[PDB]
Amino acid sequence: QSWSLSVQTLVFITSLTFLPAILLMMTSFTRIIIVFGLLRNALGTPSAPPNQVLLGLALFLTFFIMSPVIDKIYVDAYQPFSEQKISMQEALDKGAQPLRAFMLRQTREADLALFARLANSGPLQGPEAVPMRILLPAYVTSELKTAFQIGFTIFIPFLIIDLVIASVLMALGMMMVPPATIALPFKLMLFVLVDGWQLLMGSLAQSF
Amino acid sequence: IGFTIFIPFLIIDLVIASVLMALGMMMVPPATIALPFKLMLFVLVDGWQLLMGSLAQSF
Amino acid sequence: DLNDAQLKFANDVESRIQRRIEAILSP
Amino acid sequence: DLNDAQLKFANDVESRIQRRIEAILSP
Amino acid sequence: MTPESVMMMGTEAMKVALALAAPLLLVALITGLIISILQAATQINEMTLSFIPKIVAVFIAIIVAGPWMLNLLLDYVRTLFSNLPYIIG
Amino acid sequence: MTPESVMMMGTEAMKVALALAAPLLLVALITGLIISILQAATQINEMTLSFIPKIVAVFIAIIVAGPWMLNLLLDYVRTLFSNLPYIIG
Amino acid sequence: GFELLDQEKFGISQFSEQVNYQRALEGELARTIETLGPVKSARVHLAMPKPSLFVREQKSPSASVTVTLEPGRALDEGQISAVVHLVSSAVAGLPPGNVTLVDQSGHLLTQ
Amino acid sequence: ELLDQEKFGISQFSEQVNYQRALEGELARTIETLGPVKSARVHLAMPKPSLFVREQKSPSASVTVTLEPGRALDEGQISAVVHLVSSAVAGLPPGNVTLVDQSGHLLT
Amino acid sequence: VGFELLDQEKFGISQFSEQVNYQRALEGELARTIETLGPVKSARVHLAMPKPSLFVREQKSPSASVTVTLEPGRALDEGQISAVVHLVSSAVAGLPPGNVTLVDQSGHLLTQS
Amino acid sequence: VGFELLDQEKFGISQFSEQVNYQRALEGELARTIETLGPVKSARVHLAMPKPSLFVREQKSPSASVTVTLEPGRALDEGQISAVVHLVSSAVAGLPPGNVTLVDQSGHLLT
Amino acid sequence: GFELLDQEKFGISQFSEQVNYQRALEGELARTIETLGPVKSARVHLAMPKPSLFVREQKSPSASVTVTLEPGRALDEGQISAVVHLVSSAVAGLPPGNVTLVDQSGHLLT
Amino acid sequence: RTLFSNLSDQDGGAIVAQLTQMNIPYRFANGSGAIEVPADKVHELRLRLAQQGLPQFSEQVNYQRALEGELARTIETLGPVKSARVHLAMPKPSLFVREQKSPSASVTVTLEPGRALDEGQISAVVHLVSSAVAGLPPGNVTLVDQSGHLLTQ
Amino acid sequence: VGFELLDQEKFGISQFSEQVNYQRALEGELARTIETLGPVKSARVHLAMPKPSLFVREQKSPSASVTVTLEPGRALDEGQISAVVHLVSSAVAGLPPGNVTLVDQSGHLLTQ
Amino acid sequence: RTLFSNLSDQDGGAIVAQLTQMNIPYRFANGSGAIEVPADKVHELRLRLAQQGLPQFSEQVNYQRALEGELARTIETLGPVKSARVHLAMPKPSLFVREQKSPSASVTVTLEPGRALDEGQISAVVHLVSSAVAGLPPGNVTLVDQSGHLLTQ
């Protein structure tokens, strides 16, 4: 039943091709990236942190968050395969389980029901048997919703600052003074004082 | 489908701009204040799930 | 806990067997 | 803790066996 | 579609918008008018008097009526998305 | 989350906003009203004279109360970002 | 009555609109049932299950009908059948077998 | 005329509930007009569409007639009532029209 | 209560509130009809309506508890009990009769164990 | 008591408050019906409902504690203990009877 | 308890709300415990477990119950139990074994 | 005759309320915390109230013996009971310092032929005995019949 | 002291303040129940609830110090010593009994 | 003569309403919860009202026998009934403590040749008998004819 070596390396290279899709749709990369983009938009600085810096930060945060899942895959699936204890098929099947559990932990039952009803799947007893083709889109949708929730919540203190400065300027009669120019330095000061970067990364990690 | 998906966000934009300018603060950018409320509307309606349901039921 | 429930079950079974014997042995 | 529950279980079983013996040995 | 299958939808949408924005605009106008009339009666010369009454009135109106407007908007958007598959035909 | 939770979050948000703005808005309003009443009583017909004191008053407020409005806001923000992993659901 | 719906506000939501529709239907059905010779008063309860989603083959609604008869006016088998038909038809996708008909004494007239 | 009661726009669903009522009313009206019929009551069940599967359910109707004291309805009558009600409802399969009398006898 | 309860509706009504009110109402009307049954002097209906779940091994079902007070000595017949069961089950979307419990004023279970 | 409270006009309320109030009201009505059972002079119901998630993460099941005060010497029948169990379990979405505890005024577990 | 709850107080904070809820539950539980014949007064302390940082481990809450008995009104073993059941049920996920019951003299009844 | 002495105000009040309800005359001994009642009703009333959950060696021995005798007499007023014996076994002031002791009671009843105690009557006996002895929990009361059948669960 | 303390609070209350006040209130109620105990005339409870720190690897289990004043000659029973331990430990989320110290008015350690 | 005694206010009121509708004179016994009515109409009225769903051993035996006799007499007023016998079988105060018992009735009717009871008359008999006996559910009433044919479903 064990695949021949040439078939094994063909599978390995073809799977390595799909790496960005796995990173985006199976890990926590997408939510962190969306929150970072929304935060950058929220400070009034559309291009202050370069895209590469934020992408690297999101990659490192994703690696740290997914370290337990990778450790489980190594210990349970990859290590026996590397010692020739188990074949590639059963190794992949065993490695699917920890990632599947992690994705189920961070999905919403309503989206799972939507994709199950849409795919005309029969009744499924418990979370033990849910196909990956059903779980992946539901997990992606749940990640999108959670990222938007976090971004909308983050948008609040800067809105408070903008409103208070606009009101202060308006009550002085300064009718033609735009509030963005005065608000941007104070947005930067607010984000600096609360130790914003490390606090936001810690909050993103804690939510996973 | 797209031009009617656009409708609620235009409603939110117009309402926020009208309230802001009628109150007096006409120098603020309405879109900046409106974006968090657009996200709030999208997440409280379950915009993604309902949008997938509508797209599937369009067939 | 469960042991007490099992013991009460045994007591009821024994009592009913006793009563069934007594019922025919009485007349 | 659990040992006391086990001991009480043993005491109840012994007491009920004693009472069953006494019941027939009395008449 | 049809101009009507579009004009009716736009009319319903802007009715929703008008219902959403009516309380805030109404209280703002009433407060501004009251402060302005009080100012003219005492012949006080100032332009920035009404802004703070305006802001507190709008703030209090938002606090009082937030659940109602939010629920109305949420329900309207939900029915719009549910009816979307039948809009195309 | 439920809409009600969003309303409560916005409630504490605009409460903090009002607490921030009132130390400044109240003193600006008081100074403007006092100057305007004096002007109307003295018939000194010129609006722009009300503008100069207000800034000073506003500035005075800051130098008398800038720390507090700086601190309280932070005590909110540090809470909000710390409540981020518990509002989702 | 269908009247209940006519006299209504504009702040009512969809949930309210539906519940009101259900009530109105319950009223009219009871009305027609009473307008049947042997029936002095009728009481109809509808259980219309909400949208599916979390469910698979979906599900169908149910009805409970209580009739009060005129002194001694027993309902014939054909009557019972006609009550069943009317109630089932008035409810989109109501399978007759989910209509229960009961008298003022608690006797099940259907099954 | 209930439709035209100078009422500001409510909702499509409200419009739908109304249209259903008006049709019911007119149908009952014509049924009563018929000689042997003293009063009629029509209930329409327009079917609700599904979710993801294409299934056009067929609507159903229940018609209760009160006949002129004693006089009954002929079979041809049991047929013309059926035809009228079925035609008045888009895609109403006659076999889904139930006709009942004031005593609870199924005429259909 | 019941249908009358849903009359003076303040604009501030959360969906949660709208549902709970619908539940309270349904309970009221059901109790009403049950009392209208000859032998029954007063009825009390409690509904447990739990919004759904996709997993079968983790799905329960709507349930009802009905307490009846009878007129002095007015014992309910088996057929009555059956009719109460039917009515309550039908009034609740997807209520499996077997999840309806009927009890008297003395605590005797009139329905099945 | 319970349902009357839920109504008390109030605007400064959160979902959390709305839920807690619902729990209180349910407790009140359940105690009410339990007292309205011949042998019972007063009842006290405590519900423990677990805060729910909308995700796929551990279901669990709620629990109830019922304290009854009986009329002088009015001992509850095994059937009385049972029917109480059924009512309380049904009134709580997904309440497994086995998680209902019934206790008297002297601290005897009738369960 | 519920009195502390509806005191016409403008929203303070979620944490404040949580503290109020904990207090109210404690109050009602003590109330029912006193309403038990042999018990003259009860005092319930709840420790709801605090969610930790980067971990998914679950802590089980704990309770301490102090009872004052009527002169000589000793608690029955069934009494020691029913108290346990009630307190455990009233706290989401309270493992009975984490309920301590103590008398006015400092004797551990559990 | 004295129905109860040494009652808490709470128990006293509850007992008086019950007596009034039953239309039984009563006289609460002034500051004696005692309630003298019809002599011919004393035992019946004690039992009835128990059903509602209300409320030297030689001397001790005598006391104990007297108490045992009184309890027996009260229990014998129950219809199905022909005779009753009560044995109280409170260990002498715990000699052992660390170990802790607790009073217990054994009640033996001879029933009338063909008669049985019901659950209520059983509970009344247990309560009566437990209430009469300081520190005696209900759980430490064993009730047996002439055949040695344990009546208390 | 008391849960009252928290009832009366000014608008400006930092989370830090909210926590410290919660700690004070818990201390007060615990001391209260401990005094309610027959042999105890007055109690004093001090809680050390460590604040979570990612700067550190492990958050030291909370600790408590309990000082009791006894009624003239009212020595506490070994069982009394224990029950105090249990109550204090339970009242503090994740308080390991072994971190509860109980001391008398003379400075004798009643716990271990 | 007494039509009914010991009626609830609700049943009483319903019964009075029906008597008025039928233009039958009546006199509700003052505080006797009873309604004396024309003696010659008593039985007919009992039956008619039943159709509308309205409303020691020796003594018991006698009582039972008397009740049986009265019920029989009332049933015999039905046109198709030549004779009726009623047997009431309420078990003596349940001796068994756990098991629960319930009263039952057996009604045997001799019908006039060629006559049958209709469904209404059958229901009236069942109701009459059930209402007369405390705790007797309608379902526990068996109605049979002279040939042993079960009339009650």
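Residues numbered from 1 in each chain as written, not as in the entry; some residues may be left out. Chains lettered and ligands numbered in written order. Part of a larger assembly, values for the part shown. Heavy atoms only, no water.

- In the PDB header, cryo-EM is given as the technique by which the entry was determined, and 3.8 Å as its resolution.

- Chain I is annotated in the PDB entry as Flagellar M-ring protein.

- Naming follows the PDB entry, where chain E appears as Flagellar biosynthetic protein FliQ.
- Reading the Function entry of the UniProt record for chain E gives the comment "Required for the assembly of the rivet at the earliest stage of flagellar biosynthesis."
- Word for word, the UniProt comment on chain E under Sequence similarities is "Belongs to the FliQ/MopD/SpaQ family." (UniProt positions renumbered as here; feature names shortened; annotations may be inferred.)

**Looking at the arrangement of the chains**
At step 1: The interface with the highest contact count, out of 36 pairs of chains in contact, is the one between chains I and J.
At step 2: At the level of C-alpha atoms, the two units chain D and chain F stay apart, their nearest approach being 38 Å.
At step 3: No part of chain E reaches chain L; the closest C-alpha pair between them is 50 Å apart. (Contact = heavy atoms within 4.5 Å.)

**A few points about the interface of chain E and chain F**
At step 1: In this assembly, 17 residues from chain E lie in contact with 14 residues from chain F.
At step 2: In total, about 1400 Å² of surface goes out of reach between chain E and chain F, with carbon and sulfur atoms giving 76% of it.
At step 3: For the chain E face of the interface with chain F, the top three residues by lost area are E:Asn45, E:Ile52 and E:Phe59, together amounting to 35%.
At step 4: Linking chain E with chain F are 0 salt bridges.
At step 5: Counting across the chain E and chain F interface gives 2 residue pairs in polar contact.
At step 6: Classifying every residue of the side of chain E that touches chain F gives 11 nonpolar, 5 polar and 1 charged. (Buried area = accessible area lost by both parts, 1.4 Å probe. Salt bridge = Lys/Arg side-chain N within 4 Å of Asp/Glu carboxyl O. Polar contact = N/O pair within 3.5 Å; in protein donor to acceptor, adjacent residues only side chain to side chain. Nonpolar A, V, L, I, M, F, W, Y, C, P; charged D, E, K, R; others polar.)

**A few points about the environment of B:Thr32**
At step 1: Mapping B:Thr32 onto the fold places it in helix α3 (residues 30–44).
At step 2: Placed 21 residues apart in sequence, B:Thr32 and B:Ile11 show a C-alpha to C-alpha distance of 15 Å.
At step 3: The contacts of B:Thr32, once residues within four sequence positions are left out, are A:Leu159 and A:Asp162. (Helix = DSSP H or I, 4+ residues; strand = E, 2+ residues; numbered from the N terminus.)

**Observations regarding a nonpolar patch on the surface**
At step 1: On the surface, E:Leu26, E:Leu29, E:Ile30, E:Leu33, E:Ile34, E:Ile37 and E:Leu38 cluster together into a nonpolar patch covering about 690 Å² of accessible area.
At step 2: When you line up the elements, E:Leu26 lands in helix α1 (residues 4–41). (Patch = residues over 30% accessible without salt bridge, like charges linked within 9 Å, V, L, I, M, F, W, Y side chains within 5 Å. Areas by Shrake-Rupley, 256 points an atom, 1.4 Å probe, with all protein chains shown as cover.)

**Points about the packing of helix α1 (residues 12–33) of chain H against helix α2 (residues 75–88) of chain H**
Residues and elements named next belong to chain H.
At step 1: With their axes 11 Å apart at the nearest point, α1 and α2 run at an angle of 160° to one another. Taken together, α1 and α2 sit at an angle that is classed as roughly antiparallel. Along this stretch, α1 crosses α2, giving a crossing that reads as right-handed. Here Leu-23, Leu-27, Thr-30 and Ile-31 of α1 come into contact with α2, specifically with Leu-84, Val-85 and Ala-88.
At step 2: Split by residue class, the contact of α1 with α2 holds 6 nonpolar, 1 polar and no charged. (Axes fitted to C-alpha atoms, helices over the stretch in contact; angles between N-to-C directions. Parallel < 35°, antiparallel > 145°, perpendicular 65-115°, else oblique. Left-handed = near helix turned anticlockwise from the far one by under 90°.)

**Some details on the relation of the copies chain E and chain F**
At step 1: Relative to chain F, chain E is turned by 64° and slid 4.1 Å along the rotation axis, the superposed coordinates differing by an RMSD of 0.6 Å.
At step 2: Mapped onto chain F, only 6% of the interface residues of chain E again fall at the interface, so the copies present different surfaces. (Least-squares fit on C-alpha atoms.)

**Re the sheet that holds strand β2 (residues 63–70) of chain J**
At step 1: Pairing is mixed across the open sheet formed by 3 strands, whose spatial order is β1-β2-β3 (chain J). Among the strands making up the open sheet, the edge pair consists of β1 (40–48) and β3 (100–103) of chain J. When strand polarity is set aside, the average angle formed by the axes of neighbouring strands in this sheet is 15°.
At step 2: The sheet contact formed by β1(J) and β2(J) spans 8 bridges and is antiparallel. Within β2(J), the position partnered with J:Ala48 by the bridge is J:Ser63.
At step 3: Of the strands in this sheet, β2 and β3 of chain J touch helix α3 (residues 78–91) of chain J, which is tilted by about 135° from β3(J).
At step 4: Across the sheet, helix α3 (residues 77–90) of chain K is in contact with β1, β2 and β3 of chain J; its angle to β2(J) comes to roughly 135°. (Pairing = 2+ DSSP bridges.)

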